[PDB]
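Report on one structure; see the data block that follows.
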Amino acid sequence: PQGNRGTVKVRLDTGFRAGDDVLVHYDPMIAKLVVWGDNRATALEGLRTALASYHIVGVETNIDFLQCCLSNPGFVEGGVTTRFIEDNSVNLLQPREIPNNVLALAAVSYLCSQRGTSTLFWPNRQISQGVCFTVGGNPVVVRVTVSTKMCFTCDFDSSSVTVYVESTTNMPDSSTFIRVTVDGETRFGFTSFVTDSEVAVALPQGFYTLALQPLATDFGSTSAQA
Amino acid sequence: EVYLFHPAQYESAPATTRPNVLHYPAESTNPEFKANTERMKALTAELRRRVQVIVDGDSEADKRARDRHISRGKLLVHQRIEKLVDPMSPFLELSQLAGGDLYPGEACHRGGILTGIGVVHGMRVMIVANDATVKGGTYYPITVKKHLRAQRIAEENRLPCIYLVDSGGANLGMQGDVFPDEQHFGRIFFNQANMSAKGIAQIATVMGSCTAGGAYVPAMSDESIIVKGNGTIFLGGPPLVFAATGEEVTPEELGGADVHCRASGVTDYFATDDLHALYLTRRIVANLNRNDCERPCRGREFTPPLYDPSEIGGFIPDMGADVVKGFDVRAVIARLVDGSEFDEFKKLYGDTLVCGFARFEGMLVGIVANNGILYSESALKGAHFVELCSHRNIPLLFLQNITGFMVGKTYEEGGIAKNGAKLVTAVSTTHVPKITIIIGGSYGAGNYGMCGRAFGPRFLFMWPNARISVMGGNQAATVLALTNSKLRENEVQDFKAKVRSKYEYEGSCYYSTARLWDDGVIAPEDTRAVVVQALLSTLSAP
Amino acid sequence: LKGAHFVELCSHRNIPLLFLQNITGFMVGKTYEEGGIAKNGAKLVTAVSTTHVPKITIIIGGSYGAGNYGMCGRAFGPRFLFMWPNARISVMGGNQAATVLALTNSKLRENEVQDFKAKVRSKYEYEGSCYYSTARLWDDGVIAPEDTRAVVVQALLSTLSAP
Amino acid sequence: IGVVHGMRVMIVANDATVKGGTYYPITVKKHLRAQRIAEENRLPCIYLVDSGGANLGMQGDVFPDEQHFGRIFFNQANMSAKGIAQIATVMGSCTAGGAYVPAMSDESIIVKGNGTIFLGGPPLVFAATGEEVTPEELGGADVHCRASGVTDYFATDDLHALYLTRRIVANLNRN
Amino acid sequence: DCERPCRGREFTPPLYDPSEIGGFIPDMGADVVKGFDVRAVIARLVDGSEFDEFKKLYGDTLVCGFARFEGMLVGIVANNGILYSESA
Amino acid sequence: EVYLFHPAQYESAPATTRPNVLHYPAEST
Ligand SMILES: *C(=O)CCCC[C@@H]1SC[C@@H]2NC(=O)N[C@@H]21
Ligand SMILES: *C(=O)CCCC[C@@H]1SC[C@@H]2NC(=O)N[C@@H]21
């Protein structure tokens with residue numbers, strides 16, 4: 001959200017719109033986001049909030065790196081040396097953890113994207129589905145059993161997550177707003193964007209993008225001999 | 001003050017005042033209601049447990065067979081169904097519990113074959129997949145019967161057929177009941193050829209082996225797919241060729257994918273694995289030049305039932321009892337049709353056969369349900385209603401809970417046989433789709449009057465409490481005891497108990513299901529859903 | 001291929017078909033499967049199944065396996081089907097069944113080979129006899145060879161009122 | 001020609017305030033013309049029946065001919081055979097020949113108080129057997145809706161009858 | 001106007017430029033005529049360059065398959081060499 | 001690790017991975 005907010009002023013300057021393709025080795029900068037407050041701490045908090053709300057799907061970015069830099073104690077202390085990036089490389093390049101709730105919600109969102117108006121019904125059975133993501137190069141697989149009441153159960157190692165989808169709404173920006181009840185006691189709404197390669201969820205916890213397991217390029221390859 | 005309103009106001013009114021809305025609230029505090037609910041819950045739990053043990057396997061032999069199947073790079077039959085159909089779509093598996101306790105010493109899960117109606121590229125198709133983990137996929141008599149039933153449904157509904165073939169062939173132990181007859185293994189090829197002649201597409205995907213007669217399945221299909229490693233097609237197997245010519249050949253070099261895809265020309269698509277085979281099957285389905293819909297009208301402005309189906313079992317009494325209580329079938333109808341709306345046809349004439357109009361997800365359906373003993377008036381009413389629906393091309397839904405007709409000199413003199421014959425003729429000679437569900441008991445000629453299995457309904461399902469027999473168990477016991485004059489007074493109770501036990505055993509839902517007498521057992525709360533799917537399957541019929 | 005072409009030729013002319021079955025399966029071997037024998041058998045089966053002319057079949061010899069299917073068996077809707085008293089119908093020949101079952105069954109010991117073959121041959125002879133088939137409505141009766149012509153004529157006349 | 005549930009139908013209603021609804025020759029001619037239009041346009045027919053019957057004063061011009069009172073039943077049967085729905089609502093009386101109108105329809109409605117259907121009226125039954133019966137106990141809604149089976153829908157009043165007629169029209173499986 | 005009001009115009013143009021089709025076409029008038037793959041032509045004519053080949057390994061000189069032109073399904077039979085019995 | 005995807009994923013895939021797409025780039029040099 002750009003403009004004059006409650007306590008800070010946010011200004012975003014970009015040369016790209018939704019649907020544009022950024023070509024490598026030509027102007028790598030996606031955008032510049034400036035936040036003005038009354039004190040440095042307030043400006044940093046506003047920048048953190050604005051970066052948390054900047055949702056980009058399709059191109060890898062350094063939003064997590066910027067969040068790590070902003071939350072670094074050395075940066076928040078005051079002025080830092082030029083080699084600061086080289087000084088806290090291990091700390092700033094820390095991997096971002098993905099809880100099982102995010103995996104379950106992403107799988108449910110992907111399945112809802114697959115579903116049109118058809119009813120999930122198998123007599124005397126729960127419909128079985130599977131969604132494969134890549135987490136750190138690891139091919140994680142989420143097995144989901146879905147009932148006719150639009151209630152998904154996703155299975156992880158010694159873990160089960162129950163997600164009841166109350167309603168869905170297709171936003172004009174090719175995205176979907178989904179109201180869910182996680183387990184039986186956590187009701188909230190979120191926004192999901194499903195491509196052919198990744199699933200993005202804007203949860204109250206933040207913004208996550210999970211890459212689907214890439215398809216093989218030699219699927220059904222019969223080169224006359226082996 | 002008199003005639004102030006307009007009838008359209010009553011037509012569009014809240015459920016409290018709309019006059020064609022059935023009001024049957026559950027008496028949840030009634031002890032009989034709780035007992036009925038507990039019985040229905042136990043029956044449905046048993047049904048789900050049996051289906052689950054079929055899917056997951058129970059014995060260690062099943063585990064070993066599944067391990068062998070997986071180690072060959074093969075998908076399980078239900079997994080093949082899941083990955084062949086559209087990812088989030090319904091699948092109407094028909095004979096889930098076929099072959100249950102049918103052949104002693106064999107756990108013929110699903111009858112060795114899975115048949116269902118799926119959705120591929122938005123088109124409803126009939127899928128028939130062999131289960132290689134059941135005696136190597138060999139065809140039992142029940143397997144042939146189930147395959148023929150699937151072919152019959154597909155032909156009468158013009159559903160394209162997909163055969164996922166992995167089968168050793170007919171089992172030689174029971175070849176007398178498998179090979180020679182009209183309704184035997186060759187009828188599969190007869191049906192396949194006749195369906196292909198009628199423009200109904202036949203697709204075969206050879207995921208495994210097909211030997212001798214089974215080899216006709218890929219060859220007689222419009223398009224066929226064979227998997228490289230596991231796909232073999234030959235009329236004569238390696239044992240036969242060795243016993244004949246004294247030559248040793250592996251199945252791969254005899255009828256493998258290379259020979260049938262590069263030289264023989266029997267197969268049309270070369271599949272590297274099961275996933276590629278299913279992809280090629282979907283690609284074949286995609287290129288059937290079948291129009292999406294004859295009429296683009298949707299008509300999906302429907303309202304769900306106003307009462308929860310989950311309490312239907314509260315109204316269902318114990319069918320197996322010395323004296324069977326009666327209930328109003330409308331309480332069931334109120335929990336199955338759109339908005340619980342029901343226009344009754346002759347509310348005051350039949351009084352034991354409820355005939356009316358309703359809608360399932362916007363689809364208009366005529367409902368004929370039993371509500372007591374059939375009389376001449378009830379049979380006449382049913383025949384007239386069936387004729388009325390036939391003249392309007394309205395599909396018929398029969399809800400069977402019938403214990404025969406009314407007996408007596410007066411009723412026979414009034415021509416009850418003639419009126420029952422009128423009802424039977426009306427049911428038999430109609431051309432509209434017919435769906436029948438056994439909610440109670442189907443006994444004797446009354447079954448015939450209510451669109452039984454012999455009268456060609458599109459689908460027939462039984463609730464777990466249902467019983468089907470030539471006559472009721474108590475009626476059978478009483479009549480057999482009275483007729484048998486040889487029986488001594490000292491041996492009356494034992495004889496009645498024995499005949500009652502036999503009729504209970506042979507009339508149960510599972511006994512009927514294992515013999516393909518119905519198209520599966522479904523829970524009452526799922527009934528509406530099932531009906532909808534069945535109705536949709538009939539939309540492509542001519 | 002010849003049978004399929006002939007059946008098509010008769011179907012195009014509304015000429016009724018008469019099948020005389022004495023069949024012991026197809027030719028086995030790598031060369032014959034590579035040549036597409038299954039495809040040609042399928043062509044014959046399709047031609048027999050999809051024709052509309054009246055069909056009458058008589059089992060004069062043996063009807064074994066898929067060859068039966070190619071020769072208008074019971075499953076392919078002939079108007080009438082009769083068997084001679086010497087006829088045998090089975091999924092496979094008795095000698096063929098004995099040999100194949102003995103070769104496949106590796107559990108069977110060498111000491112118990114002749115008894116197993118004799119038992120399976122006796123079972124196939126019993127279940128393949130004309131009377132066994134007739135008692136189960138697998139055919140429309142057993143007729144003597146010398147009456148065959150007469151029977152055919154009657155059957156043909158019965159089809160003259162067909163639409 | 002009216003519109004019920006968005007479908008065009010042909011409505012034929014007797015006027016009981018014109019000589020008790022008795023059929024003049026012009027009445028028969030107009031009824032036949034309505035039936036002809038409905039049949040050639042495949043419009044479902046709704047007959048709101050309240051008529052004493054053919055008037056005996058001009059029976060020569062009403063009863064016997066091709067284009068006479070029996071042609072109504074001929075047209076009704078032939079339209080029913082062609083799939084064109086015939087609906088009858090007995091708001092009043094139908095005597096003798098008119099009694100065929102509810103009986104030959106695909107679906108029929110009779111109003112409780114005022115609906116009576118009989119081939120022979122109370123005067124005829126008294127002149128024949130010497131018995132006195134009221135029209136209600138002879139051919140009322142109860143006898144024809146609970147025992148006889150001639151009628152299919154029991155209507156409490158005119159408004160309920162019209163509602164049931166609309167319900168019948170709603171369930172014609174016409175695209 | 002139309003027997004069926006369905007449109008079905010959700011098609012994708014060919015992924016390769018037709019303007020280079022001539023690059024694949026050899027000189028037909030020559031002492032020895034070179035051979036080319038007709039699929040390279042098909043890829044520049046059908047929707048999304050998609051083509052479901054019917055018997056990819058049997059004919060090998062007659063390419064038979066399914067494709068779409070602006071959403072209209074069409075069966076394509078193209079020559080790819082000398083006709084044999086298998087190709088016919 | 002074996003049979004992880006669904007065939008519809010390959011059906012709706014970019015041109016690089018969609019298996020029924022003919023790939024005949026021009027050898028312009
Ligand atoms: C005892 O169980 C036998 C009583 C008779 C059973 C009744 S008679 C009327 C119904 N018709 C029929 O066939 N059985 C029912
Ligand atoms: C011994 O009886 C077995 C020899 C093989 C029988 C032959 S091989 C060729 C024919 N086809 C067939 O099925 N059986 C016959």
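Here, A, B, ... name the chains of the structure tokens in the order displayed, residue numbers run from 1 inside each chain, and ligands are numbered from 1 in the same displayed order.
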Polymer residues at most 10 Å from stretch 4-18 of chain F, only C-alpha atoms, same-chain spacing of 4 or more positions, as JSON, numbers by chain: {"A": [114, 129, 130, 131, 132, 139, 140, 141, 196, 197, 212, 213, 214, 215, 216, 217, 218, 219], "B": [82, 83, 84, 85, 86, 87, 120, 121, 275, 276, 277, 278, 279, 280, 281, 282, 283], "E": [15, 48, 49, 50], "F": [22, 23]}
Set the cut-off to 7 Å, count only C-alpha atoms and all ligand atoms, and list whatever residues fall near ligand 2 as a ChimeraX atom specification. /B:236,240-241,243-244 /C:24-28,65,92-93,95-97,99-100
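The spacing separating atom CA of residue C:59 from atom CA of residue B:188 amounts to 21.5 Å.
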Set the distance at 12 Å and use only C-alpha atoms: which residues neighbour stretch 127-142 of chain D once local chain neighbours fewer than 4 positions away are removed? I'd like the list as a ChimeraX atom specification. /B:348-349 /D:89-96,99,108-123,146-157
Need to verify the contact set: residue C:2, 9 Å, only C-alpha atoms, exclusion of same-chain residues closer than 4 positions in sequence. Can you return it as a ChimeraX atom specification? /C:6-7,44
Can I get the selected residues back with N, CA, C and O atoms, as a PDB file, in the first residue's frame?
```pdb
ATOM      1  N   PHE C   6     -14.960 -62.814 -46.569  1.00  0.00           N
ATOM      2  CA  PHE C   6     -16.141 -63.553 -46.996  1.00  0.00           C
ATOM      3  C   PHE C   6     -17.370 -63.154 -46.190  1.00  0.00           C
ATOM      4  O   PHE C   6     -18.470 -63.038 -46.743  1.00  0.00           O
ATOM      5  N   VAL C   7     -17.209 -62.950 -44.882  1.00  0.00           N
ATOM      6  CA  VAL C   7     -18.336 -62.533 -44.056  1.00  0.00           C
ATOM      7  C   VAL C   7     -18.820 -61.150 -44.472  1.00  0.00           C
ATOM      8  O   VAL C   7     -20.028 -60.900 -44.542  1.00  0.00           O
ATOM      9  N   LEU C  44     -11.618 -60.911 -38.151  1.00  0.00           N
ATOM     10  CA  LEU C  44     -12.633 -61.942 -38.342  1.00  0.00           C
ATOM     11  C   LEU C  44     -13.717 -61.860 -37.272  1.00  0.00           C
ATOM     12  O   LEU C  44     -14.913 -61.951 -37.577  1.00  0.00           O
TER      13      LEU C  44
END
```
Selection as an NGL selection string: residues within 12 Å of ligand 1 by only C-alpha atoms and all ligand atoms: :B and (320-324 or 372-375 or 401-408 or 411 or 416 or 441-447 or 469-482 or 496 or 500)
Kindly export the residues of the current selection with N, CA and C atoms, as a short mmCIF file (atom, residue, chain, number, x, y, z; two decimals), in the first residue's frame.
```cif
data_model
loop_
_atom_site.label_atom_id
_atom_site.label_comp_id
_atom_site.auth_asym_id
_atom_site.auth_seq_id
_atom_site.Cartn_x
_atom_site.Cartn_y
_atom_site.Cartn_z
N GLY B 320 -34.98 -56.87 9.37
CA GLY B 320 -35.00 -58.22 9.88
C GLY B 320 -35.63 -58.29 11.26
N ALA B 321 -36.91 -58.63 11.30
CA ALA B 321 -37.64 -58.70 12.56
C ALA B 321 -38.85 -59.59 12.38
N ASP B 322 -39.40 -60.05 13.50
CA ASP B 322 -40.61 -60.87 13.44
C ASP B 322 -41.78 -60.08 12.87
N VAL B 323 -41.94 -58.84 13.31
CA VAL B 323 -42.95 -57.93 12.77
C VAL B 323 -42.24 -56.65 12.36
N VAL B 324 -42.28 -56.34 11.07
CA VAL B 324 -41.56 -55.20 10.52
C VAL B 324 -42.45 -53.97 10.61
N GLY B 372 -46.06 -49.43 1.53
CA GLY B 372 -46.92 -50.45 2.10
C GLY B 372 -47.18 -51.55 1.09
N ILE B 373 -48.24 -52.31 1.34
CA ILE B 373 -48.62 -53.41 0.47
C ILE B 373 -49.18 -52.87 -0.84
N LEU B 374 -48.78 -53.47 -1.95
CA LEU B 374 -49.31 -53.09 -3.25
C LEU B 374 -50.73 -53.61 -3.42
N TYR B 375 -51.63 -52.73 -3.85
CA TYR B 375 -53.00 -53.06 -4.18
C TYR B 375 -53.22 -52.87 -5.68
N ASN B 401 -39.24 -50.76 -1.29
CA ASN B 401 -39.40 -51.46 -0.01
C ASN B 401 -40.75 -52.17 -0.12
N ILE B 402 -40.73 -53.39 -0.64
CA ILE B 402 -41.95 -54.07 -1.07
C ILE B 402 -41.98 -55.48 -0.51
N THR B 403 -43.14 -55.89 -0.03
CA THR B 403 -43.37 -57.21 0.53
C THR B 403 -44.55 -57.88 -0.17
N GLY B 404 -44.58 -57.80 -1.49
CA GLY B 404 -45.59 -58.47 -2.28
C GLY B 404 -46.90 -57.71 -2.35
N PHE B 405 -47.88 -58.35 -2.99
CA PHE B 405 -49.20 -57.78 -3.20
C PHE B 405 -50.15 -58.22 -2.10
N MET B 406 -51.38 -57.72 -2.17
CA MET B 406 -52.43 -58.12 -1.24
C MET B 406 -53.06 -59.42 -1.70
N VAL B 407 -53.19 -60.37 -0.79
CA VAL B 407 -53.72 -61.68 -1.10
C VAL B 407 -55.19 -61.73 -0.71
N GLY B 408 -55.91 -62.71 -1.25
CA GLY B 408 -57.31 -62.88 -0.92
C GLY B 408 -58.19 -63.15 -2.12
N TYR B 411 -59.45 -59.82 -3.80
CA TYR B 411 -58.45 -59.07 -4.55
C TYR B 411 -58.10 -59.76 -5.86
N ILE B 416 -56.22 -58.20 -9.49
CA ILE B 416 -54.95 -57.64 -9.02
C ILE B 416 -53.80 -58.11 -9.90
N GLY B 441 -37.04 -53.84 1.60
CA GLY B 441 -37.03 -55.21 1.11
C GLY B 441 -37.68 -55.31 -0.25
N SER B 442 -37.13 -56.16 -1.10
CA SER B 442 -37.69 -56.45 -2.42
C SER B 442 -37.99 -57.94 -2.48
N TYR B 443 -39.27 -58.30 -2.43
CA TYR B 443 -39.69 -59.68 -2.30
C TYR B 443 -40.67 -60.03 -3.41
N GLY B 444 -40.35 -61.06 -4.18
CA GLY B 444 -41.30 -61.66 -5.10
C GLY B 444 -41.70 -60.76 -6.25
N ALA B 445 -42.92 -60.98 -6.74
CA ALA B 445 -43.40 -60.29 -7.93
C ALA B 445 -43.46 -58.79 -7.74
N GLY B 446 -43.60 -58.33 -6.49
CA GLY B 446 -43.54 -56.90 -6.24
C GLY B 446 -42.25 -56.28 -6.72
N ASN B 447 -41.13 -56.98 -6.50
CA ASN B 447 -39.85 -56.56 -7.07
C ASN B 447 -39.99 -56.33 -8.57
N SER B 469 -35.08 -61.12 -1.83
CA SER B 469 -35.35 -62.55 -1.83
C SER B 469 -36.63 -62.80 -2.61
N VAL B 470 -36.85 -64.07 -2.95
CA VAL B 470 -38.10 -64.45 -3.61
C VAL B 470 -39.28 -64.23 -2.68
N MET B 471 -39.06 -64.24 -1.37
CA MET B 471 -40.10 -63.96 -0.40
C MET B 471 -39.43 -63.60 0.92
N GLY B 472 -40.20 -62.98 1.81
CA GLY B 472 -39.66 -62.58 3.09
C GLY B 472 -39.25 -63.78 3.93
N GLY B 473 -38.29 -63.55 4.82
CA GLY B 473 -37.79 -64.65 5.65
C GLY B 473 -38.86 -65.23 6.56
N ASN B 474 -39.61 -64.36 7.24
CA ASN B 474 -40.72 -64.83 8.05
C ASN B 474 -41.78 -65.50 7.19
N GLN B 475 -42.10 -64.89 6.05
CA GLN B 475 -43.07 -65.48 5.14
C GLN B 475 -42.59 -66.82 4.62
N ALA B 476 -41.31 -66.91 4.25
CA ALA B 476 -40.77 -68.18 3.79
C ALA B 476 -40.87 -69.24 4.87
N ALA B 477 -40.49 -68.89 6.10
CA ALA B 477 -40.55 -69.85 7.20
C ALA B 477 -41.97 -70.34 7.43
N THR B 478 -42.93 -69.41 7.51
CA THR B 478 -44.31 -69.79 7.78
C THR B 478 -44.87 -70.66 6.66
N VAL B 479 -44.66 -70.25 5.40
CA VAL B 479 -45.24 -70.98 4.28
C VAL B 479 -44.60 -72.36 4.15
N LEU B 480 -43.28 -72.45 4.29
CA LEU B 480 -42.62 -73.75 4.18
C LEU B 480 -43.03 -74.68 5.31
N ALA B 481 -43.17 -74.15 6.53
CA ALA B 481 -43.62 -74.98 7.63
C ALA B 481 -45.04 -75.48 7.41
N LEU B 482 -45.93 -74.60 6.93
CA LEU B 482 -47.32 -75.00 6.72
C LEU B 482 -47.45 -76.00 5.59
N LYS B 496 -37.89 -73.69 11.04
CA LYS B 496 -38.13 -72.27 10.81
C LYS B 496 -36.86 -71.46 11.03
N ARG B 500 -35.06 -69.33 8.08
CA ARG B 500 -34.88 -67.90 8.32
C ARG B 500 -33.41 -67.51 8.22
#
```
Using only C-alpha atoms, I'd like a table of the residues in chain E that come within 8 Å of chain F; for each, show the closest atom pair and its distance in Å rounded to one decimal, ordered by chain and ascending number, as a tab-separated table.
```
residue	atom	partner	partner_atom	distance
E:16	CA	F:25	CA	7.5
E:20	CA	F:26	CA	7.1
E:23	CA	F:26	CA	7.5
E:39	CA	F:22	CA	7.2
E:40	CA	F:24	CA	5.4
E:43	CA	F:22	CA	5.6
E:48	CA	F:21	CA	7.3
E:49	CA	F:21	CA	5.5
E:50	CA	F:21	CA	4.4
E:51	CA	F:20	CA	5.7
E:52	CA	F:20	CA	6.0
```
Which neighbours of residue E:77 fall inside 7 Å, counting only C-alpha atoms, when residues of the same chain fewer than 3 positions from it are skipped, and could you give them as a VMD selection string? chain E and resid 62 to 65
With DSSP run on the backbone, what are the helix (DSSP H, G or I) residues within stretch 8-132 of chain C? I'd like them as a PyMOL selection string. chain C and resi 8-12+30-34+37-50+66-70+74-76+94-104+110-112+114-128+130-132
Would you pick out the contacts of residue C:46 at 9 Å or less, using only C-alpha atoms, so that residues sharing its chain but fewer than 6 positions from it are not included, and give the list as an mmCIF file with C-alpha atoms, in the first residue's frame?
```
data_model
loop_
_atom_site.group_PDB
_atom_site.id
_atom_site.type_symbol
_atom_site.label_atom_id
_atom_site.label_comp_id
_atom_site.auth_asym_id
_atom_site.auth_seq_id
_atom_site.Cartn_x
_atom_site.Cartn_y
_atom_site.Cartn_z
ATOM 1 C CA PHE B 189 -15.530 -58.952 -27.739
ATOM 2 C CA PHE B 190 -19.055 -59.077 -29.146
ATOM 3 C CA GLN B 192 -16.735 -54.242 -28.022
ATOM 4 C CA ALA B 193 -17.273 -54.764 -31.751
ATOM 5 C CA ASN B 194 -20.915 -53.699 -31.602
ATOM 6 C CA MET B 220 -10.547 -55.057 -31.437
ATOM 7 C CA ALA C 4 -13.494 -61.778 -42.582
ATOM 8 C CA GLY C 70 -13.683 -66.442 -34.549
#
```
Provide the atom CA of residue A:204 to atom CA of residue A:191 distance in Å, to one decimal place. 9.9 Å
At a cut-off of 10 Å, which residues of chain D touch chain B? Count only C-alpha atoms and give the answer as a ChimeraX atom specification. /D:4-5,80-85,106-107,142,144-154,157-168,170-175
Show which residues sit within 12 Å of residue E:73, as a tab-separated table (two decimals) with C-alpha atoms, in the first residue's frame. Count only C-alpha atoms, and ignore same-chain residues fewer than 4 positions away.
```
chain	number	residue	atom	x	y	z
B	286	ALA	CA	-9.08	-35.43	-25.94
B	287	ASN	CA	-9.29	-36.12	-29.68
B	288	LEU	CA	-12.75	-37.71	-29.67
B	289	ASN	CA	-14.79	-35.22	-31.70
B	290	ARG	CA	-17.65	-35.40	-29.20
B	291	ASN	CA	-19.56	-32.16	-28.67
E	8	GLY	CA	-14.41	-22.79	-28.84
E	9	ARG	CA	-12.01	-20.05	-29.96
E	11	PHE	CA	-6.59	-21.46	-29.42
E	46	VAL	CA	-1.26	-26.01	-36.36
E	47	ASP	CA	-2.35	-24.50	-33.07
E	50	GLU	CA	0.72	-29.53	-30.99
E	51	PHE	CA	0.34	-32.81	-32.85
E	52	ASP	CA	-0.83	-36.19	-31.53
E	65	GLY	CA	-2.10	-37.40	-36.46
E	66	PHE	CA	-4.55	-35.00	-34.87
E	67	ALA	CA	-4.14	-31.24	-34.74
E	68	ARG	CA	-6.21	-28.07	-34.51
E	69	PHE	CA	-6.63	-25.04	-36.75
```
Report, in Å with one decimal, the straight-line distance from atom CA of residue B:225 to atom CA of residue B:261.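 Going from atom CA of residue B:225 over to atom CA of residue B:261 covers 9.0 Å.
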